[PDB]
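Overview (structure and organization)
Each chain, letter by letter, is given below.
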Amino acid sequence: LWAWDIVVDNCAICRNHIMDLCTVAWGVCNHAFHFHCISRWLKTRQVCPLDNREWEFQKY
Amino acid sequence: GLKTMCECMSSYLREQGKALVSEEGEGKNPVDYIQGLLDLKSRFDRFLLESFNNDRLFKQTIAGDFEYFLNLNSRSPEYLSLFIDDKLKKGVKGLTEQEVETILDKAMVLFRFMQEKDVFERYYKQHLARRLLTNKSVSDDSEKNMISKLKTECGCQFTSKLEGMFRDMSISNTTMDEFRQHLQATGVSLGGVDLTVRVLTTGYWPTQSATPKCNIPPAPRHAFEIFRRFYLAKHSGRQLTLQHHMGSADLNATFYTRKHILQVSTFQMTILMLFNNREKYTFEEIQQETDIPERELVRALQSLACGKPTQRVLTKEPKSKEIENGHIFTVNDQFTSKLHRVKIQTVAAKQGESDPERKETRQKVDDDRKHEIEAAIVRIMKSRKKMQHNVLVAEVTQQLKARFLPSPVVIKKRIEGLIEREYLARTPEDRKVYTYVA
């Protein structure tokens, strides 16, 4: 229905660099987050500095 | 004096286990293999309980021997997953509730002995996903109870990810069912086919990295457009994973006597549509117009014309093990058939995976585990805000023991990446100096 735009460079302030070391996970607004942002908010830090607000994702 | 016979029995058990799990010969039935391990374990337990009246030393010895000889097979967890999956599947000898519970308890006990539980967890997740997609669940509550028991046996820290993934899969399945019911009540549809709407997110699911593309005919195109419109009418902007790689539907199609419902796979759907609409279609042209995989095309050919004589209404050239280009086939509906609905039997071969496919899956799982370990390594340093060269390695190995095996290379890579990405306030040159930034 609608394409997914997670921003190749950076969706927002993620503190994780444009790399897979630090997209699939849905965002807060169900518009998908950046690959770096999702990885940073998954298991990198207790407080997620990757989507302004705390991001944790849900759903399989 | 009680020690002296422990060595002999441990050596005998180790030799017996090595002989039983030896790679000499192929085509070993995973079910028979797991049955043999279970029988050996039961015999040892009976011997210990009868004569050794539950001695701690013998229990420790047998546990150590089992841990030693269990991980001798890299592919062993996959067969364990198959054995714990098909047994839970309906029709498995009509196992009683008590028998199923005992089998699950034994499987959980064995899962405790596995050294590399990450591969076992991945295989269990894949098997559960396949069973859910098989649409042949016996008891979802029983599966949930088994998952909870396995998580409790394996430990909360080790199985938190597995429990979360199972809960997410259950929630996604419930949401998909509710959305399908609402769309049906929506006083609408896209073609009247079976509501096999697999519109579910692949964020935490075992989705294949490659998504096959199937040539959607005008009817399939209209169905896809209607499904997309309904999904937009249900959740605007959001778009879950609904790839047509494993798309399934049930509709009546006639190729040009008796009305029959045809059940075909996603790859076979394009061929059926070509035969239903056109008269003569070459195999090369159909494959080019659909981009179906070679394995998928071979499976469709085997299940279409090379199957039972009752369903053999087309004589493909050639309809044998070999595949010949330009195989002209026609869907002759006038042929006599017994079943009212023509449902293609699923290709369920012996439990296992292709050697290249298994190697690729193992490599992907290992890469994911390495990435997770590297990500979690920085957490140990951040928690203490300081670590040494050996201290960081010990901390990483503390959290990377039950799930997997820690490696110095992963720790070094994580330490370097902490400085590189500035996630942690450490220095690659100064290993003694370590801090946290993020």
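Structure determination for this entry is recorded as cryo-EM, at 3.67 Å resolution.

Our focus in this paragraph is the overall build of chain A. Across its full length, chain A holds one helix and zero strands. For a compact globule of 60 residues, the expected C-alpha radius of gyration is about 10 Å, and chain A comes in at 10 Å, within 12% of that figure. Summarising its shape, the C-alpha atoms of chain A cover approximately 35 × 25 × 20 Å along the three principal directions.

This part takes up the overall build of chain B. A tally of regular secondary structure across chain B gives 15 helices and three strands. Its C-alpha atoms give chain B principal-axis dimensions of about 85 × 60 × 45 Å.

So, about the pattern of salt bridges. The partner of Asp45(B) in a salt bridge is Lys41(B), and the shortest N-O contact between them spans 2.7 Å. Here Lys41(B) and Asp45(B) lie together in helix α2 (residues 30–51), a separation of four residues that amounts to about one turn.

Moving on: the side chain of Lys41(B). A polar atom in the side chain of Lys41(B) sits 2.7 Å from the side chain of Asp45(B). Setting aside its immediate chain neighbours within four residues, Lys41(B) contacts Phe66(B) and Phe113(B).

This part is about the packing of helix α1 (residues 4–20) of chain B against helix α3 (residues 56–70) of chain B. Residue and element names in this part refer to chain B. Viewed as axis vectors pointing N to C, α1 and α3 meet at an angle of 30 degrees, and their least axial separation amounts to 10 Å. Taken together, the axis directions place α1 and α3 in an arrangement best described as roughly parallel. Considering how the two elements wind past one another, α1 and α3 form a crossing that is right-handed. Residues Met5, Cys6, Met9, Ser10, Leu13, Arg14, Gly17 and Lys18 of α1 form the contact with α3, whose participating residues are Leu57, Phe58, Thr61, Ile62, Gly64, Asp65, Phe66, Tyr68 and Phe69. Classifying every residue of the contact of α1 with α3 gives 10 nonpolar, four polar and three charged.

Residue pairs three or four apart in sequence face the same way in an α-helix, which turns once every 3.6 residues. For helix α15 (residues 408–420) of chain B, built from 13 residues, the straight-helix expectation of 18 Å at 1.5 Å per residue is met to within 8% by its first-to-last C-alpha distance of 18 Å. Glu422(B) occupies a position one or two residues after α15(B) and carries a positive phi of about 60 degrees.

This part is about the packing of aromatic side chains. Residue and element names in this part refer to chain B. With a centroid separation of 4.0 Å and 25 degrees between ring planes, the pair formed by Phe52 and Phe58 is classed as stacked. Between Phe66 and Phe113 the ring centres are 5.9 Å apart and the planes differ by 45 degrees, which places this aromatic pair in the tilted class. Of the two residues, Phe66 is situated in helix α3 and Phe113 in helix α5 (residues 97–113); the sequence distance between them amounts to 47 residues. Here the aromatic residues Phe66, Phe69 and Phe113 are joined through ring pairs into a cluster of three or more. Positioned over the ring face of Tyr68 is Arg14, at 4.0 Å from the centre of the ring. Directly above the aromatic system of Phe66 lies the positively charged group of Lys41, at a separation of 6.0 Å from the ring centroid.

Before going further, it helps to examine the interface of chain B and chain A. Taken together, the contact pairs 13 residues of chain B with eight residues of chain A. Class assignment of the residues belonging to the side of chain B that touches chain A gives a composition of four nonpolar, six polar and three charged.

Calculation rules
All residue numbers are counted from 1 along each chain's written sequence and may depart from the entry's numbering; residues that have no coordinates are not represented. Chain A is the first chain written and ligand 1 is the first ligand written, with later ones labelled in order. For these chains, which sit within a larger assembly, all listed values pertain solely to the part presented. Think of the side-chain values as coming from all heavy atoms in the structure, minus any hydrogens and water. Residues with missing side-chain atoms are left out of burial classes, side-chain pairs and their counts. Counting from the N terminus, the helices are DSSP H or I runs at least four residues long and the strands are E runs at least two residues long. Only C-alpha atoms enter the radius of gyration; for comparison, a globular chain is expected to reach 2.2 Å times N to the power 0.38, where N is the number of residues. The salt bridge definition used is simple: a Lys or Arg side-chain nitrogen within 4 Å of an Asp or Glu carboxyl oxygen. The definition of a polar contact used here is a pair of N or O atoms within 3.5 Å, where within protein one atom must be able to donate a hydrogen and the other to accept one, and adjacent residues in sequence count solely through side-chain atom pairs. We call two residues contacting when some pair of their heavy atoms lies within 4.5 Å. An axis is simply a line fitted to the C-alpha atoms; with a helix, the fit covers only the stretch in contact. Between two such axes, the angle follows the N-to-C directions and lies from 0 to 180 degrees. Roughly parallel means an angle under 35 degrees; roughly antiparallel, over 145; roughly perpendicular, 65 to 115; everything else is oblique. What makes a crossing left-handed is the near helix being turned counterclockwise from the far one by less than a right angle; a clockwise turn instead makes it right-handed. Throughout this entry, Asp, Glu, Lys and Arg are counted as charged residues, while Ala, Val, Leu, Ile, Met, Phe, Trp, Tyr, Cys and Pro are counted as nonpolar. The remaining residues, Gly among them, count as polar. A helix is expected to span 1.5 Å for every residue after the first. Working definition: rings of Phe, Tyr and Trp (its six-membered ring) pair if their centres are within 6.5 Å, and the pair is stacked with planes under 30 degrees apart, edge-to-face with planes over 60 apart, and tilted otherwise. Two conditions define a charge located above a ring, namely a distance within 6 Å from the ring centre to NZ of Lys or CZ of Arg, and an angle within 35 degrees of the ring normal.

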